Amino acid sequence: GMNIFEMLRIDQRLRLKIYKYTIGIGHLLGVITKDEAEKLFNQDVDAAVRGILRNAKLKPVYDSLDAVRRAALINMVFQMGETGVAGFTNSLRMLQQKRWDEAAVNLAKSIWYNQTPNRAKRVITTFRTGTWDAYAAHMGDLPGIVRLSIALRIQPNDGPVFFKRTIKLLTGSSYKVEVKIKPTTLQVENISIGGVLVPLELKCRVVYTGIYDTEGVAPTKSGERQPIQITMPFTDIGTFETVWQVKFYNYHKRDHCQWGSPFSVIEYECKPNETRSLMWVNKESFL
């Protein structure tokens, strides 16, 4: 009995305070309650279906679709409005004609996909298959988002780190690590960086610090890069894990870690889940 309401609860974060303007479960436009957000959400789903049915470009497609694929169309209209979705002229035709694979391929070429690829890929799987397969692993998503940032500075002079995205690191060195987490109540004890354990201590988003030691790390073979696993368990909400692509340089080639594109921080948007082996890592931004 999965349905559009639960689908949108997975795809659209809930906010009780205005944010860019927007509030509730993606209600476009200063503090509302949970029940009032839920009523607004139900009204907004209603408005999306009413907009489909009034629109001469969307109603015939909607009518022709099964209940599951109808939810995918409502999801798009909820996200971007009736007029925007009615602009998907070719894909709509493909859906009406039961050309599920062509529609799915065409929808993924859109700027919509590029702007919100995780949500778009789920919506597209729903159109393609007429099943809720793409939402199965999101059963149990926690309602909130986790934001965390990781920054490195080379000691002793708080020096910058550069990419070229391949991060350029120096062996035989010490880096100050800063991890900033929202919400501030979340707790971590350690981050592992390529198998190097970095104990983290809270100071003062909430800010954790440690020191990442690269003494004894082998330099990367010339013209090659390498992944390093990044792992940070949280106390209750699961484990953050990702890969960085890095090149390690020795003392003689240290000039390579003095030039390039700097990154002050990498920002991650994550979504915890009750039972998934790892939190969802939805966005990574080098800044």
Side-chain angles (χ1 to χ4, degrees), residues 117-118 145-182 186-273 276-287:
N118 301 313
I145 293 288
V146 171
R147 298 201 197 268
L148 65 94
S149 72
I150 305 168
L152 298 189
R153 301 292 188 271
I154 191 159
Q155 300 190 286
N157 275 177
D158 281 340
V161 183
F162 302 90
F163 60 87
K164 196 204 85 41
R165 273 172 190 80
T166 305
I167 302 169
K168 296 194 285 183
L169 300 170
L170 278 175
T171 64
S173 301
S174 293
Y175 292 84
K176 285 188 173 164
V177 179
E178 199 161 81
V179 174
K180 301 165 148 211
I181 304 166
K182 184 201 262 165
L186 302 182
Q187 294 190 110
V188 298
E189 296 183 14
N190 306 295
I191 183 162
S192 296
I193 298 177
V196 177
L197 261 284
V198 182
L200 289 172
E201 291 184 359
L202 189 66
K203 303 293 191 214
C204 311
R205 302 223 193 173
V206 84
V207 182
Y208 285 91
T209 64
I211 294 172
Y212 165 53
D213 171 29
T214 59
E215 290 185 346
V217 173
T220 308
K221 294 133 201 223
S222 318
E224 291 196 321
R225 69 182 191 166
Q226 65 166 290
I228 58 173
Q229 191 164 61
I230 310 301
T231 306
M232 183 168 70
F234 288 74
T235 296
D236 278 322
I237 59 155
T239 292
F240 170 78
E241 200 165 73
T242 195
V243 158
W244 291 349
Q245 296 301 325
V246 304
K247 194 162 179 178
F248 287 107
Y249 297 86
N250 60 30
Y251 158 86
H252 187 243
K253 294 223 102 192
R254 77 194 179 282
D255 183 57
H256 286 81
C257 299
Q258 194 84 21
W259 294 81
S261 301
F263 68 109
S264 170
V265 72
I266 306 146
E267 179 63 25
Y268 296 94
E269 291 178 24
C270 306
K271 178 66 97 133
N273 175 294
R276 193 172 186 254
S277 70
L278 301 168
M279 73 184 41
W280 301 99
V281 176
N282 288 322
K283 190 176 175 65
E284 173 183 337
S285 303
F286 282 75
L287 297 158

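Computed from heavy atoms alone, side chains included, the values below leave out hydrogens, waters and symmetry copies. Count residues from 1 along the sequence.
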Asks: Testing the basics here: between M279 and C270, what is the closest heavy-atom pair and its distance to 0.1 Å?
Replies: SD-CB, 3.6 Å

Asks: Considering non-hydrogen atoms only, spot the tightest contact between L278 and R276 and give its length.
Replies: O-NH1, 2.9 Å

Asks: With a 4.5 Å limit on heavy-atom distance, are the side chains of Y208 and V198 in contact?
Replies: no

Asks: Apply side chain to side chain contact (heavy atoms under 4.5 Å, CB included) to the pair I191 and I230, showing each step before the final yes or no.
Replies: CA-CA 7 Å; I191 183 162; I230 310 301; 3.7 Å; yes

Asks: Mind checking the CG-CG spacing from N282 to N118? Nearest 0.5 Å is all I need.
Replies: 5.0 Å

Asks: Return the OG1 to CG distance between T209 and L200, rounded to the nearest 0.5 Å.
Replies: 7.5 Å

Asks: Rounded to the nearest 0.5 Å, what's the gap from CH2 on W280 to CD1 on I145? Could you check?
Replies: 12.0 Å

Asks: Taking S149 for the side chain and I266 for the main chain, is one N or O donor matched with an acceptor at less than 3.5 Å?
Replies: no

Asks: Rounded to the nearest 0.5 Å, what separation is found between the OG atom of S174 and the CG atom of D213?
Replies: 5.0 Å

Asks: Are the side chains of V146 and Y268 in contact, using a 4.5 Å heavy-atom criterion?
Replies: no

Asks: Of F162, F248, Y249, which meets ring-ring contact (aromatic ring centres under 6.0 Å, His included) against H256?
Replies: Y249

Asks: Can you list the residues that meet the side chain to side chain contact (heavy atoms under 4.5 Å, CB included) rule with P227, with sequence neighbours excluded?
Replies: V243, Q245

Asks: Side-chain contact, heavy-atom cut-off 4.5 Å: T231 with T239?
Replies: yes

Asks: Check whether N157 reaches the backbone of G159 with its side chain - one donor and one acceptor, N or O, closer than 3.5 Å.
Replies: no

Asks: Answer yes or no: is there a side-chain heavy-atom contact under 4.5 Å between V177 and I211?
Replies: no

Asks: Decide yes or no for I154 and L152: does some side-chain heavy atom of the first lie under 4.5 Å from some side-chain heavy atom of the second?
Replies: no

Asks: Looking at every non-hydrogen atom in both residues, tell me the closest pair between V188 and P233 and how far apart they are.
Replies: CG1-O, 3.7 Å

Asks: Please examine the side chains of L148 and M232, heavy atoms only from C-beta on, and report whether any two atoms are closer than 4.5 Å.
Replies: yes

Asks: Are any non-hydrogen side-chain atoms of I150 and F240 less than 4.5 angstrom apart?
Replies: yes

Asks: Check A151 against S264 and note the closest heavy-atom contact, atom names and distance.
Replies: CB-O, 3.1 Å

Asks: Counting heavy atoms not belonging to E189, are there more than 12 under 6.0 Å from its CD?
Replies: no

Asks: Could you tell me the separation between the OG1 atom of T220 and the CD atom of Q226, rounded to the nearest 0.5 Å?
Replies: 4.0 Å

Asks: Could you tell me the separation between the CZ atom of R225 and the CZ atom of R165, rounded to the nearest 0.5 Å?
Replies: 11.0 Å

Asks: Identify the heavy atoms of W259 and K168 that sit nearest to each other, and give their distance.
Replies: O-NZ, 2.8 Å

Asks: Taking the side chain as C-beta and beyond, is there a heavy-atom pair between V161 and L169 under 4.5 Å?
Replies: yes

Asks: Can a donor-acceptor pair be found, under 3.5 Å and without considering hydrogens, that links the side chain of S173 to the backbone of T171?
Replies: yes

